[PDB]
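Breakdown of the fold
Okay, here's what each chain looks like letter by letter:
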Amino acid sequence: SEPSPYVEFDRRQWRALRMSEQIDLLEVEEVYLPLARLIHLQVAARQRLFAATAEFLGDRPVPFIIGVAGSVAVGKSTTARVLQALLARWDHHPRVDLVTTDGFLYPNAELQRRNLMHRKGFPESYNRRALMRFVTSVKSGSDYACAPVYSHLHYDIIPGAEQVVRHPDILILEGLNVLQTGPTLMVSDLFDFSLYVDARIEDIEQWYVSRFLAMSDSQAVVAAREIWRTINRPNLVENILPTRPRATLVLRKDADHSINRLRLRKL
Amino acid sequence: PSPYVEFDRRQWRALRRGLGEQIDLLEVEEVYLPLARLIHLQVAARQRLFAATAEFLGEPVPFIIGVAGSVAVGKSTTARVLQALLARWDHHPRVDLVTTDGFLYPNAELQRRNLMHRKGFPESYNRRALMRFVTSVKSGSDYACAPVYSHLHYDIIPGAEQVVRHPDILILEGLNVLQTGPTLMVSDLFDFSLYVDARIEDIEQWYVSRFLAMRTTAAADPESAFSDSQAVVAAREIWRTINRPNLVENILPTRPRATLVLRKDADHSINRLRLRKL
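Residues numbered from 1 in each chain as written, not as in the entry; some residues may be left out. Chains lettered and ligands numbered in written order. Heavy atoms only, no water. Residues with missing side-chain atoms left out of burial classes, pairs and counts.

Here is the rule we go by: UniProt positions are given in the numbering used here, feature names are shortened, and annotations may be inferred rather than shown by experiment.
Looking at the PDB entry, one finds chain B named Pantothenate kinase and attributed to Mycobacterium tuberculosis. Under Pathway, UniProt gives the following word-for-word description of chain B: "Cofactor biosynthesis; coenzyme A biosynthesis; CoA from (R)-pantothenate: step 1/5." Of chain B, the UniProt comment under Sequence similarities reads exactly: "Belongs to the prokaryotic pantothenate kinase family."

Per the PDB entry, chain A goes by Pantothenate kinase and derives from Mycobacterium tuberculosis. Taken directly from UniProt, the Catalytic activity text for chain A runs: "(R)-pantothenate + ATP = (R)-4'-phosphopantothenate + ADP + H(+)". For chain A, the Pathway comment in UniProt is given as "Cofactor biosynthesis; coenzyme A biosynthesis; CoA from (R)-pantothenate: step 1/5."

Printed below as a string of structure tokens:
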């Protein structure tokens, strides 16, 4: 017995911790609904702590910040979108808001000027100060805070489109680069709970190609497959994957989107 | 909005034996003694949280305090003092203090890897050995052994073992300690960071003084050290080549991720305090 920081489960192990496109409905009650209860217990505990720096220094409570990481096409979006639903259902602490980090990308026009279209989605591609000032604002307890939005349809940022956040008990932060760390203070440092949505690399390709092409209608997969090899396959290896260990919870998804394994950080 | 909250000594001061070169006794009651109270109130709160993953999984944990900064800035004594005050709580005694220096490779090793000029860098340490050790501590392992370093001998003391016996609180003093990488790291296991900061051109003076007063005042003491004038040349050059780098590239960048910062003035006094509330 030589100690690991994590605690790994399979679906059946984890499922037995219950209190009593198309989102698979089963996986909610088996994998997510339990996962939600975990976070509920930490939300109130993490409240006490922040309330203990306050009592030291001598006004609702502080936002709980949930990051959600993984490669593109793995299913961060829905994964997060779902937890927004279940967490809100607590009453004890409703008003979960969800913000995509994509809205913080530079507009393509900008990227063109800095020559970063081929490194689109990389950590260079974002507006980290704008991103943080925003996140910093939220958790401060700012009456409101505005965040931009992204168009996967139009392929860029929707100009003058504003997502408003109004002092939420809980915030969720879905993004490619999000669990990232650097010389500047970063948004990663502000999280109270991380999620990494993981899968196999050669496997994810198939999902992305499917994400594309379901959103020339033949052999344009060539194009799609090559944006993977050039942009999205890198960025996973160098920038995203290395953040996996620092996640609070990991969710390995099988070939057919099913979730078998769960490594959880207890320490 | 900024994530931090900055104080001066007077501001912070209004929130209220041993030895070591010479620990200023005033700064205890004004800067440290308050700082200790802060940590006490987080220790019990952070207990509650870890006790909430437990209650979830269906059945206390060591509090881990990191202490960062450049060499010669005064991590050692800074930490050494907090060990004293924190222990005085009863609610949670048995603070143990471990230096990260003991985890350096032995020189002999470094020689083989050609890393003597990069000594103190993150390459210089045994990160796995360091972590299995830290991971072992916080697991709640009945005991755990950690090696030790010789600033006198200039290397690791062979077969010298510092034992840690399930402490309520542990302190982790080291150059590289608030570091982050692709491997899971000891930084990720901290519950509270300290950065001891000062000016760069300034610290040089202190280091040169750290050297030349150790290799002197107790070094020419048992003699069993090769100039007491203009060997500062040598000392000043180990700064420019080894210790000044490593601060810039490896240590300084970790400053923002610290829970508390302690800017020390030219003459060791502590004027400013940036604290992470968020």
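Concerning the overall build of chain A
Heads up, the rule is: Numbered from the N terminus, helices here are DSSP runs of H or I no shorter than four residues, and strands are runs of E no shorter than two. Here the radius of gyration uses the C-alpha set of atoms, whereas the globule reference equals 2.2 Å times the residue count to the power 0.38.
When helices and strands are counted, chain A shows eight helices and nine strands. The globule rule puts the C-alpha radius of gyration for 267 residues at 18 Å, and the 19 Å found for chain A is close to it.

Looking at the sheet that holds strand β9 (residues 259-265) of chain A
Residues and elements named next belong to chain A. We count it as follows: Pairs of strands are assigned from DSSP output, requiring at least two bridges between the strands. Where helices are involved, their axes are fitted lines through C-alpha atoms of the stretch in contact, as for all axes, and angles between N-to-C directions lie from 0 to 180°. The contact criterion used throughout is that any non-hydrogen atoms of two residues lie within 4.5 Å.
The seven strands are arranged β1-β9-β8-β7-β2-β6-β3 in an open sheet whose pairing can be described as mixed. Sheet topology places β1 (6-10) and β3 (96-100) at the edges, where each strand pairs with a single neighbour. Each strand of the sheet is rotated relative to its neighbour by a mean of 15 degrees, with strand direction disregarded. The sheet contacts of helix α3 (residues 76-88) involve β2 (64-70), β3, β6 (170-174), β7 (193-198) and β8 (249-253), and relative to β6 the element is tilted by about 170 degrees.

Quick notes on unusual backbone geometry
Negative phi is the rule for most residues except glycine; trans is the rule for most peptide bonds. All names here are of chain B. In this structure, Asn114 takes a positive phi of about 55 degrees despite not being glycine. Among the secondary structure elements, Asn114 is positioned in the loop between α4 (107-113) and α5 (127-139). With a phi angle near 85 degrees, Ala218 is a residue other than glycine that sits in the positive phi range. Of note, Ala218 is situated in the loop between α6 (200-210) and α7 (232-243).

Observations concerning the UniProt feature "binding site: ATP" in chain B
Residues and elements named next belong to chain B. Here, UniProt's "binding site: ATP" annotation points to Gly69, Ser70, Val71, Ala72, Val73, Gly74, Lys75 and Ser76. By the secondary structure assignment, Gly69 is in strand β2 (residues 63-69). When you line up the elements, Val73 lands in the loop between β2 and α3 (75-87). Contact partners of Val73, with chain neighbours within four places excluded, come to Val196, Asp197, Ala198, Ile203, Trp206 and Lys264.

Considering the sheet that holds strand β6 (residues 169-173) of chain B
Residue and element names in this part refer to chain B. Read across the sheet, seven strands follow the order β1-β9-β8-β7-β2-β6-β3 without closing on themselves; strand pairing throughout is mixed. In the strand order of this sheet, the two ends are held by β1 (4-8) and β3 (95-99), each with one partner. Taking the axes of each pair of neighbouring strands and ignoring which way they run, one obtains an average angle of 15 degrees across the sheet. Where strand β8 (residues 260-264) lies against strand β9 (residues 270-276), three bridges are found, and the strand directions are antiparallel. When the sheet's bridge partners are listed, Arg263 is paired in β9 with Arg272. Against the sheet, helix α2 (residues 26-57) contacts β2, β6, β7 (192-197), β8 and β9, and its axis sits at roughly 140 degrees relative to β2.

Comments concerning the UniProt feature "binding site: ATP" in chain A
All names here are of chain A. Look at the UniProt record and you will see "binding site: ATP" annotated at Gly70, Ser71, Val72, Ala73, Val74, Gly75, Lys76 and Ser77. With respect to the helices and strands, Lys76 occurs in helix α3. The contacts of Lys76, once residues within four sequence positions are left out, are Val68, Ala69, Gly70, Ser71, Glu174, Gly175 and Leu176. Topologically, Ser77 is positioned in helix α3.

Some points on the interface of chain B and chain A
The condition is simple: Three residue categories are used. Nonpolar comprises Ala, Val, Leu, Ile, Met, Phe, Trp, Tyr, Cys and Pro, charged comprises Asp, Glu, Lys and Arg, and polar comprises the others, including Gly.
With 38 residues of chain B at the contact, the number on the chain A side is 42 residues. Listing elements by their share of the side of chain B that touches chain A, those giving two or more residues are β1, α2, α5 and β9 of chain B. Per-element accounting of the side of chain B that touches chain A gives the leading share, 14 residues, to α2(B). By residue class, the composition of the side of chain B that touches chain A is 21 nonpolar, eight polar and nine charged.

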